[PDB]
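Below is one structure, written out as structure tokens; comments come after it.
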Amino acid sequence: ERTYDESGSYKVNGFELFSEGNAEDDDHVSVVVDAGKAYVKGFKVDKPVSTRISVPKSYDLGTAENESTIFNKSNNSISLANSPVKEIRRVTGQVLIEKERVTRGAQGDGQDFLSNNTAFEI
Amino acid sequence: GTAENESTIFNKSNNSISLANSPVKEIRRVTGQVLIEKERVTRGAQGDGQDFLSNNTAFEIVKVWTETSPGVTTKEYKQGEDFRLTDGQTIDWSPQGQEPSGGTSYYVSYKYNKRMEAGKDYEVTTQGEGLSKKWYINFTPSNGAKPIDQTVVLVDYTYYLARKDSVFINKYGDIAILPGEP
Amino acid sequence: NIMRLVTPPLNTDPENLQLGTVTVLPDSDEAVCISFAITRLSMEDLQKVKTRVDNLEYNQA
Amino acid sequence: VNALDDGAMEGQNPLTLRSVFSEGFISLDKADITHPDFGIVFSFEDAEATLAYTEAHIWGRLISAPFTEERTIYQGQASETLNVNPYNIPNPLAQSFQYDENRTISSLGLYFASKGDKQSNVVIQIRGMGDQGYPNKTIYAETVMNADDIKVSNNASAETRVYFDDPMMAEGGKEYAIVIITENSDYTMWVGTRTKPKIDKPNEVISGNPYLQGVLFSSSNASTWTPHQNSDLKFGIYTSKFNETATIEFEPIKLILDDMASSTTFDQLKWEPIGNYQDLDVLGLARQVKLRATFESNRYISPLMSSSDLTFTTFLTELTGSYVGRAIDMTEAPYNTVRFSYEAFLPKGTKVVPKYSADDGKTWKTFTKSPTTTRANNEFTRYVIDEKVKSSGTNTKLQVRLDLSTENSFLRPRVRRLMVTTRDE
Amino acid sequence: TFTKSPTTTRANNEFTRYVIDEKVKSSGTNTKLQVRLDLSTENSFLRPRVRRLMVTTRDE
Amino acid sequence: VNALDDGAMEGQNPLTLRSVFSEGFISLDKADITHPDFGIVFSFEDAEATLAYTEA
């Protein structure tokens, strides 16, 4: 009580962090905490040897949608902003069809369906 | 049934645009090109750095300039030698040309695809009834962001499917029904 | 969060003493470890700080 | 405090003091003048900042003037005409002066021999004088005079009076230089030269120097000045002494019985019609109410507003503006406590609201604590705030802002010696 | 010569900030300081540049 | 940082900041130009230093 009321919690020495990457499990990364001494809540905490701990790997995903880039005929390649890409959900772009054969329907003044249902200009 | 990338050119004269499938349940997404005019941006401390725009779907910069009073252009920066668009997110000042001093604010105008919000950018209405009923996207609200004129608006929505079933009777007198494909 | 915006969790529990932070890169075995442990200051260290303050005010004069 | 006197900041990647920001109001380097809310004007002679008049009905006459002017300097002898731009006529000038005491300059007197067309104008400026006795690039006052305002005469009798929106505080023992600039090549001024005959009295000649403590200057680019030791401009400088109170009266004036109750509900000491409002009125449902407004005068009253003919809308304009400093990157010095200190002069119906931002101006926060007040002088009072802005965690950005506003045109606030420091506690 | 490797922070497109913080003396204290930068090239066109040199000392 | 902008230093017995030394590259007062290894040149407008060309 006196120690915490006077100085609070503090470290004396040690407790350095080092990454090792030991292959105990492919979904974890091993970390080593070096031996040290500290006073937590007024109680001494003396550790003579290093302690090994493991952190789970980050797999949570962020979604990028409607990422826009103007296509140039001179340069076909287009870059993606976020680096660690997992998968591309969809790529959409305006395309021109030339000389698509269509059969006239029997009904006069009717409607003939195009091969693609996303058309916007004839 | 899912309808995706249903395309229609937006006209400034006529805001309403129709949906092909009649029994619409919900609209998943409405997206259209929008122009932002006079967006205040703060220059970062790092020289020849990158300043992030409010919207990360930008694809074209119209004008970059500074003003000491309303309407008076102190300077207009030239694209391609003073700045460039990088990853559709940032104004990159890595080109050799001029740039604002660190910590100063400047204006930016650019175009981006905005995901329209229902009841804020557009309202959904209907006219008919039954199979002839139709759904429309009106873009009625005045403050709502409207698409650029003569640009494509993409709508993703779902709609109900019909089913046709056949009735059968066996030699035991058991009437039964086989469900067809929706 | 993305690497540009990732921050460590905020905690105010008195019962715990923070030793550092470990950052894991997205989908990789590599990890960045830094120690931010609060450490004591002995009387010699405080006297050295006082001497530094004395030098600072001397330079100010 | 030491940083307050620096007044220099680099453009590209400036080195900045960690956890420190101060504005001496002596340069534009610290300020974000391109900010949309920036509408403050500096006064480098006083190291102060204030609000300039912006226009965005009935007339009114300023009965009790807020100050009385007196002509302390006057060089009356004239002998020749000198073109304002001698070195660019196909096929600027200045004149130095000084005072032995601290005087409040209110207006200038100049004499023009000829002027240009209707659309031409002349820029009149007051600039400081450097150590080696030449004009410098600092400008303490500036105004634009149209051709109509410029009186001319063939005997140096017409005196055009120049007024500035802010008074020029001349410090004792310091030299200052009037500067006259115009792009037009058809502007001339009377000059008195030693040994030459007087214009109106050829029989007499200017025996000694016209003004001993001043020198006439000429330049082709308003940077390199060629002195004329034997010549001085014909000019006069007026200094003012402010009085206790000033009074405006308006010309006499939606149905009068509703109108006078409606009007005297809004015309009061605390709404934007500041001061002791009064009227007298006439019975019989007569339309002619006559209004009067009285207010407390001070040494910072604008001479231009006093000289100009008022209206009920030019007066009772609520001026607004703000100072915005350049964003400071405190990444290497995180903080959670801020000490905000500033000196502000607050006439009745004025406000100064300090603000700060930890996200490059995206959001502006306000201090919850009330400032502790210490009096600096008769006008200015020091306001200090010391608040833990963030309860837990630490910010990494800082951007200082001051918001200034007024109820009427004549009474404006003034700020100086802005010091902001941050700590981690 | 310092044994530690400097931590790097980018200043602009050309310059980079190099910082070293090393306990030069394990025991005792020095009483003199003289700063030096050694510049060298391996052709005539490509030359280095330096600016904003700041050196400070402490007793820890 | 503040000492970086000073750029002045007395000749005989100069008062110097204790535990501080900074060069703004704006004046020759801080520089030991007479040292044998001194072979840089100043660009005062940029506040930078570099190497000038030499033969052999």
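Neighbour counts run over all protein chains shown; Cβ positions are idealised from the backbone, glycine included. We did not get these values from a lab; they are worked out from the coordinates using the rules stated.
Cross-link partners for D:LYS201 among the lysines, with Cα-Cα distance under 20 Å and sequence neighbours closer than 8 places in the same chain left out: D:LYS234. Rg then Dmax, both in Å and based on the Cα atoms of the range D:1-73: 18.8, 55.
Taking a point 7 angstrom from the Cα of F:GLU48 along the C-beta vector, which residues in the range D:1-42 have backbone N less than 16 Å away? Under 16 Å, as judged by backbone N against the label point of F:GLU48, lie D:11-14 of the range D:1-42.
With neighbours defined as other Cβ atoms within 10 Å of a residue's Cβ, the residues E:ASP38, D:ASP200 order from fewest to most as E:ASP38, D:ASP200.
Add +1 for every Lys or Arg and -1 for every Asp or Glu among the other residues with Cβ under 9 Å from the Cβ of F:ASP46, and state the total. Write down the numbers at each step before the final one.
On the way: positive: E:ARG49, E:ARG51; negative: F:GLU45, F:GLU48.
Cβ neighbours under 9 Å give a net charge of 0.
For the range B:76-154, what relative contact order do you get, as a whole percent, if you take Cα pairs closer than 8 Å and at least 6 residues apart? Intermediate results must be reported in sequence, preceding the final value.
Working: 74 pairs, mean separation 13.5, N = 79.
Reported relative contact order: 17 percent.
In terms of its C-alpha gyration tensor, chain D comes out oblate, because a/c is 1.5 or above while a/b does not outweigh b/c. Using a Gaussian network model of chain B whose springs link C-alpha atoms within less than 10 Å, name the residue from B:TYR106, B:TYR136, B:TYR172 with the highest mean-square fluctuation. Top of the fluctuation ranking is B:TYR172.
Fewest Cβ neighbours within 10 Å first, please rank D:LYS351, D:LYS254 accordingly. Intermediate values should be presented prior to the final figure.
Numbers: D:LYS351 13, D:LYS254 5.
With the sparsest Cβ surroundings first, the list reads D:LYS254, D:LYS351.
Rounded to two decimals, the Cα radius of gyration of the range A:1-99 over 2.2 N^0.38 Å is 2.09. Between D:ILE63 and D:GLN98, the simple spin-label model (points 7 angstrom out along Cα→Cβ) gives 4.5 nm. Amide H to amide H, with H built 1.01 Å from N, D:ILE73 comes under 5 Å of D:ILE237, counting only residues 5 or more places away or on other chains.
The mean number of partner chain beta-carbon atoms within 10 angstrom of a residue's beta-carbon across peptide D:354-366 is 1. Here the Karplus curve 6.51 cos²θ - 1.76 cosθ + 1.60, taken at θ = phi - 60°, turns the phi angles of the range D:114-126 into couplings of 7, 9, x, 7, 4, 7, 6, 8, 10, 9, 10, 9, 10 Hz, with x standing for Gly and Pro.
Once you order the gyration tensor axes a ≥ b ≥ c over the Cα atoms, which shape class does the range D:243-284 get: rounded for a/c under 1.5, otherwise prolate or oblate by comparing a/b with b/c? Verdict is oblate for the range D:243-284. With distances taken between every two different alpha-carbon atoms, the protein assembly as shown has a Kirkwood hydrodynamic radius of 35.8 Å. Placing pseudo-labels 7 Å out from each Cα toward the beta carbon at A:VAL55 and D:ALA261 gives an inter-label distance of 7.4 nm.
Decide, for the range B:1-73, between rounded, prolate and oblate: order the square roots of the alpha carbon gyration tensor eigenvalues as a ≥ b ≥ c, take rounded if a/c falls under 1.5, and otherwise choose prolate if a/b is larger than b/c, else oblate. Walk me through the numbers before you get to the answer.
On the way: a/c = 4.17, a/b = 2.20, b/c = 1.90.
Prolate.
Residues whose amide H falls under 5 Å from that of D:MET168, counting only those 5 or more places apart or on a different chain, are D:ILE105, with hydrogens built in the peptide plane.
Taking the convex hull of the Cα atoms, report for chain C its projected area averaged over all directions, in nm².
The Cα convex hull of chain C, projected and averaged over all directions, gives 7.8 nm².
Seen from B:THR8, the other residues with C-beta closer than 15 Å to its C-beta sum to a net charge of -1, counting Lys and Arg as +1 and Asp and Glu as -1. For the range D:68-74, putting each phi into the Karplus relation 6.51 cos²θ - 1.76 cosθ + 1.60 with θ = phi - 60° gives couplings of 10, 8, 9, 7, 9, 10, 7 Hz, in residue order, rounded to whole numbers and with x for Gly and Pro. Relative contact order of chain B: 36 percent, from C-alpha pairs under 8 Å at least 6 residues apart in sequence. Of all beta bridges that DSSP places with both ends in the protein assembly as shown, some 100 percent have antiparallel geometry.
Can you put D:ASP279, D:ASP100, D:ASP32 in order, fewest other beta carbons within 10 Å first?
Numbers: D:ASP279 16, D:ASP100 8, D:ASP32 24.
Exposure proxy ranking, most exposed first: D:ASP100, D:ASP279, D:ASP32.
Computed from backbone phi, the HN-Hα couplings of the range E:10-15 come to 6, 8, 8, 5, 9, 7 Hz, rounded to whole numbers (Karplus: 6.51 cos²θ - 1.76 cosθ + 1.60, θ = phi - 60°; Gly and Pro given as x).
Cross-link pairs exceeding 23 Å between alpha carbons, from the set A:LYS41/D:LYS369; D:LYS355/D:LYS388; B:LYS38/B:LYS120; D:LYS151/D:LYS198: A:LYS41/D:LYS369. Electrostatic bookkeeping for D:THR81 treats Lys and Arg as +1 and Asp and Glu as -1; over the other residues with beta carbon under 13 Å from its beta carbon, the sum is +1.
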